[PDB]
Amino acid sequence: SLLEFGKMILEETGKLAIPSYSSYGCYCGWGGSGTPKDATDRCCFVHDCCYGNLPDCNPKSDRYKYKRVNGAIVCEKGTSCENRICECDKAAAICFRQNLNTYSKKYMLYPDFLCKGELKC
Ligand SMILES: CC(=O)Oc1ccccc1C(=O)O
Ligand SMILES: [Ca+2]
């Protein structure tokens with residue numbers, strides 16, 4: 001759920017999910033169109049696509065458990081949905097940490113009219 005995802009983000013990047021990753025670019029948060037603006041936005045695109053592969057799961061509200069084996073994120077056994085949601089979130093958190101160096105505040109609160117086109121998952 002968003003509760004675990006937000007915590008994973010904070011632990012990984014030192015940034016709070018809201019508002020650093022909730023209105024960034026075209027895909028981070030409310031958002032599903034246009035060309036991703038930068039690496040971080042591409043992380044969100046992939047994350048959206050990952051959730052899209054789970055039509056009969058509820059990733060926003062279904063809670064999963066994860067532990068940290070030293071630095072590594074390890075998803076603990078749960079239902080099939082919880083397992084797959086956790087893997088989507090883990091990937092996004094790592095993607096965010098890998099691209100922190102290019103995170104740009106100019107993409108915060110990005111207006112919707114600047115998100116143009118389509119990218120197919
Ligand atoms: C669901 C929502 O509106 O906000 C979020 C978007 C991305 C990551 C975390 C959150 C959140 O609310 O915690
Ligand atoms: Ca989105």
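These residue numbers are counts, starting from 1, taken along the chain as shown.
Each Cβ is built from the backbone N, Cα and C atoms, and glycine gets one as well.
Per Swiss-Prot, the features are:
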- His47: active site (ACT_SITE)
- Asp89: active site (ACT_SITE)
- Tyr27, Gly29, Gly31, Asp48: Ca(2+) binding site (BINDING)
- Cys26-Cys115: disulfide bond (DISULFID)
- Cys28-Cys44: disulfide bond (DISULFID)
- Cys43-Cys95: disulfide bond (DISULFID)
- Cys49-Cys121: disulfide bond (DISULFID)
- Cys50-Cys88: disulfide bond (DISULFID)
- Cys57-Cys81: disulfide bond (DISULFID)
- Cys75-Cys86: disulfide bond (DISULFID)
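Selection of the binding-site residues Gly29, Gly31, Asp48 by a Cβ distance under 6 Å from ligand 1 yields, in sequence order, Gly29. Apart from the site residues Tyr27, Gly29, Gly31, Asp48, the chain places the Cβ of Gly25, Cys26, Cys28, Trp30, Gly32, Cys44, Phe45, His47 no farther than 8 Å from the centroid of the site's Cβ atoms, the recorded Ca(2+) location.
In the vicinity of ligand 2, defined as a Cβ distance under 6 Å, the following of the recorded positions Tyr27, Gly31, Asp48, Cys86, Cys115 are placed: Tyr27, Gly31, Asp48. The Cβ of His47 (active site) has 22 neighbouring Cβ atoms from other residues within 10 Å, across all protein chains displayed. Recorded residues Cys121 (disulfide bond) and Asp48 (Ca(2+) binding site) have their alpha carbons 9 Å apart, per Cα-Cα distance.
Listed in sequence order, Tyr21, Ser22, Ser23, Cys44 are the same-chain residues at least 6 apart in sequence whose CB falls under 8 Å from the CB of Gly29 (Ca(2+) binding site). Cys115 (disulfide bond) falls outside any helix or strand according to DSSP and counts as coil.
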